[PDB]
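Here the structure is laid out as structure tokens; the discussion comes afterwards.
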Amino acid sequence: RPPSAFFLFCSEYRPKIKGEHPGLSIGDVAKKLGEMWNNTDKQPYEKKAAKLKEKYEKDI
Amino acid sequence: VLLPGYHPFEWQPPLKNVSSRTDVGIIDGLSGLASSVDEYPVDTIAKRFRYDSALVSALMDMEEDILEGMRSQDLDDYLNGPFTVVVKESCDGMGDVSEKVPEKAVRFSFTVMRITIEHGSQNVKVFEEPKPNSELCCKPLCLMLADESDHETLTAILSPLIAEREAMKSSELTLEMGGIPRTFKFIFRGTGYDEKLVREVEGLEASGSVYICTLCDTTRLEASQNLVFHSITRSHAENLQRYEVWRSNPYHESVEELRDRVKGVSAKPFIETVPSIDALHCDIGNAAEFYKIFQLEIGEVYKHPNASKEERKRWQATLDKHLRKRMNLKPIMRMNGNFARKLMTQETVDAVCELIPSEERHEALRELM
Amino acid sequence: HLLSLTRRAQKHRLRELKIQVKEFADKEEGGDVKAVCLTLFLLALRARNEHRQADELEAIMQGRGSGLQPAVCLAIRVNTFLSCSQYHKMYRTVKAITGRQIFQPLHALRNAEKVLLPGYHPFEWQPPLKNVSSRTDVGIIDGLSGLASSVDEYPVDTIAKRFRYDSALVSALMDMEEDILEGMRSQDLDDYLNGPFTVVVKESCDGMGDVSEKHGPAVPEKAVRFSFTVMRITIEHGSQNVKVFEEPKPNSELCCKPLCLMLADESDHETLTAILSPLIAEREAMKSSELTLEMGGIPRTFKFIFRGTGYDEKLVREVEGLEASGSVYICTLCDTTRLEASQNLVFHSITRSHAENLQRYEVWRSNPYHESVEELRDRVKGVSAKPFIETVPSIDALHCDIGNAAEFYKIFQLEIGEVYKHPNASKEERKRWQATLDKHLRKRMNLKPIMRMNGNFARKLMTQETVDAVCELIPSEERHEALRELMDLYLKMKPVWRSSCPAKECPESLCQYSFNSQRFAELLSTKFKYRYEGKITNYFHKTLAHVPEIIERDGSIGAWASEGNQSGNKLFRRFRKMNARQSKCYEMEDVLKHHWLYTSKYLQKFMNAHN
DNA sequence: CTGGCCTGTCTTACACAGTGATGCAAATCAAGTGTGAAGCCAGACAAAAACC
DNA sequence: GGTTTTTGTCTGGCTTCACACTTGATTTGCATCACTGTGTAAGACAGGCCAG
DNA sequence: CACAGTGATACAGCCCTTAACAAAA
DNA sequence: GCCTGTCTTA
DNA sequence: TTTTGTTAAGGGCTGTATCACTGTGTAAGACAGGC
Ligand SMILES: [Mn+2]
Ligand SMILES: [Mn+2]
Ligand SMILES: [Zn+2]
Ligand SMILES: [Zn+2]
């Protein structure tokens, strides 16, 4: 399956949030990511998501 | 494993006229009925289980429920003290079965209703069926292609099962569950018989008779006048002896005197039933009476003793129209449960009082409801 | 026993072997106690003939997941006639007890249905079809095709549903995509090649007799099924036409894709033409265009050839304007009368055609040479109503055999009675002749007598052995010679009408068929004069007169038979009982969609997976 | 010689079984990983138990 | 009584999952729809025994 | 009638199981 | 030198 | 030095090919009304 826009975003923003706070838990890191991304700009994420979606659709 | 005839068991004392072989499964429902051209013509095919063998298979089926119920009553798994099994016995014809002439079928079946175990001198229930009237727990005993009004064939096929059941009525069943030998004794209650089949197997007359009740000796006139003070009187043995009285005419009476003497038992009974009533029919009978009272209170029949057919018909039409207007009740040619359910309300009585002049009669109708 | 005791106990009882095994593993297998014990136990399981538990252990150690694709779930559901409720019970039960989701839920199967049904893939017609919509998302359409239903109009008493003919052709092609690609591969051609494919579509239509379900006072309910069967697909690779697909079982109910289902009488001409005319119109329109459709990523083009051979004689005559079967004009291929056909045995030719028949109806209607009804009818050769479907009437291998055997049986009875020598005979004499023949066939040939003509009596009776048998009952042996030669000619003719490809299987039989039928009829005319009454059957007429022309027209006989659709009715009823909403408008389309799915080659591939 | 009136067929009403579709709520998936909970290991040995 | 077994005891350091948290777009679960055919049984009804 | 299509039943084909060489790798 | 449903079974 | 094939006689599960058996659709003739 292809990842949601938010999901590819999360994979790309893992290193930023990690470098600033190294010991943040998975609950904490994901809570942050979701909160700040939820407050947001995010259209290229949805674009990449749609592209990967139709790419996976083609895959039989 | 799941069919009758697999597990071993014992009857103490051995059942009267029943084989002791335990590996018996499906057997011919004709039970050796003669089929030569000289004999009576056999127009039916039937197959059955031996009644005890079926009881064994049914208990073993529910083994898990019995043990878990024993646990749930804070009793020990290994206890073996006498279990009492209550067994609803049932019979009905199944109408047209044909795949396409009518081909009718009778189904003789049973239902395990309750299993109690004795600890000290309390009878603690270990199991009881949640859905007693479900098709799911109605274990089939004998299936035949015959008319339930074909008395000769019906008796010929069903008499061997009744013999076996009579035999089990005075014996104990030893049966191994979870490694431990357990002991069961049975109580048979033939409550699953609609009225026509009750009357047929208990030697009574057909439903149009004056002897309207299969619990008591009332006549239609008696039950109409007395109404409430009646008691359950009839029993299978009283009916066998009333048949013998009809047969022997001991006091040399005429046919009408004899019929009054035996209170309708003109044929010999051959099944002991437990005739009951359906909650549905209670509702339907009450609702039919209330419907007639409503239409007659609208027409005010006490003031018009010589009212003609068409005047009463217009009374009925008035009641139908107003019930459609106020309670959204489609008029009915025949009576059913949903009609009775929607009509037997206090608000319906208010709706019908809206058409009754005298309020003194509103009091009476509302108290009746 | 080991398995009675607890883990601490079993470890106690096995410690010695555990130490020995650890030694063996470290010295030979690099310390993999897990793998060595697994292999020991698997091979022990195989030793006790308990392969099932060993394979299950193998699959759980490999971790290979068991999950059926929703398309396979649909294949099973369709091909075992499970309703949605019954499938749901089985699904939820297997999922609850194994914890794993082996079967897929019902919505997944519905979605997988969408792919296999008409109206899913896109396509184009070049040039666009005349009077046919270009929309590609059309599925089930109302079979009345907007037929007026107001109380003023003619009363509409039928329910029908259909697919759009082009749309159904697209769905069928996409269904057989894998077979087309595999067929190109097996012919040493390329998967990606797109050169023009040609599709030979066999068209069919039959009544399904009674369809009623009844509790006696049986009100009949007849049905008509309009179907098509992809017969072969070829590709032009040179000046050569390579056969990349050929339907293996062309008369099976498996490949007879339902196109229109209607509850109406095949003899009810007004409704038959009202329902079928839109289909015929789409079929015509497609005859003048090329279909482009994407398969495996490559657009392909398809040219179609519709051949209406699935019509039994009654329906042929009805839709082509001819008279009813009792007419003097017995053949639907030529203008012969029964008398003409009985006197002239072999020399007729295939002269009727849809155009001629349209023409003859117009002649009948306008009466241009102001003729009496007998003269007009003679002029138009029995075409007294306007045809409305172009068909290609044929014969099945069965009826050739049947007609020949009926004639040989009658000849046997008359040769036992020496009618060549005695002209007259009472009813009793002929009855005793037939009793003699039936007794003697039952005695020496083990042949049961039959009161009604049938196929396998013909098959078993048309043997030289039976001729020796019957010759045991004939006085003169010149007549023995005559019968042996007549049966020899029969046996020289039979391979042509029975084989699947007579051009390849029996080329000499096909080449000499016409000469042999000439000699056959000449032997009947010289040494069997008595069996001439001016009567003959269409089956015999077609067998002696039209077999070579029909072969040259179609390549074969036995494959365009009337044999299979006797299963259809059964199929129909089943779907109506167990897989159809119980409402007149919906039940029809549910039967249609289920019948479509039942015919798809995709799911049939899943249902033959073991091979 | 003709009723009323006590009886087995007839005639539809009527509930409802169960069809494929539908529609909305609620799991579910997918990623990251650091935990905590959990059965197991080894060896000398003694309880609570059945076998001669 | 001796001679055979089951089943415990004491640690930790191990390996192998489940849970933790978020978002929102799929996928499942489940009850429901509209709808007639069919069985069942509540009716009506002609019918024939018998009396004025 | 022919045949479809039921549950029961008979028959054939399946991969092995003993030792040893040994062919491919 | 008839036509054409209905019916009977194989 | 490490993987598989192989021989021969022969022993159980499993898969499918029938059994027997009747209902049933289709159609092949028979037959009778066109008062
Ligand atoms: Mn009943
Ligand atoms: Mn036909
Ligand atoms: Zn009473
Ligand atoms: Zn011809």
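Chain A uses Swiss-Prot numbers throughout; the residues present, in order, are 97-136, 140-159.
Per the header of the entry, the method used was X-ray crystallography, 3.6 Å.
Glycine is treated like the rest: Cβ placed from N, Cα and C.
In this structure, A:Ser100 (phosphoserine) belongs to neither helix nor strand by DSSP; it is coil. Shown in sequence order, A:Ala148 are the residues of the chain, 6+ apart in sequence, with a C-beta less than 8 angstroms from the C-beta of A:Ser100 (phosphoserine). Annotation comment: Swiss-Prot describes A:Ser100 as phosphoserine.
Under 8 Å, Cβ to Cβ, and six or more positions away along its own chain, A:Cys106 (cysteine sulfonic acid (-SO3H)) finds A:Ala126, A:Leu129, A:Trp133. Classification of A:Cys106 (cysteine sulfonic acid (-SO3H)) by DSSP places it within a helix. The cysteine sulfonic acid (-SO3H) annotation in Swiss-Prot covers A:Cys106 and is backed by similarity to another entry.
Under the heading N6-acetyllysine, Swiss-Prot lists A:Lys127 (among others), citing similarity to another entry as support. The Cβ neighbour count for A:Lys127 (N6-acetyllysine), using a 10 Å radius and every protein chain shown, is 12.
Residues or ranges marked as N6-acetyllysine by Swiss-Prot on the basis of similarity to another entry: A:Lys128 (among others). For A:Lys128 (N6-acetyllysine), the count of additional Cβ atoms within 10 Å of its Cβ stands at 15 [all protein chains shown].
Around A:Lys141 (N6-acetyllysine), the C-beta neighbours below 8 angstroms that are at least 6 residues distant in the chain are A:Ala101, A:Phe105, A:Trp133. The annotation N6-acetyllysine is assigned in Swiss-Prot to A:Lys141 (among others).
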(request) Select from A:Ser100, A:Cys106, A:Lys127, A:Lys128, A:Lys141 the modified residues whose C-beta atom falls under 8 Å of at least one C-beta in chain B, and return them in sequence order or as 'none'. (result) none
(request) Check A:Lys127 (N6-acetyllysine) against DSSP and tell me helix, strand or coil, would you? (result) helix
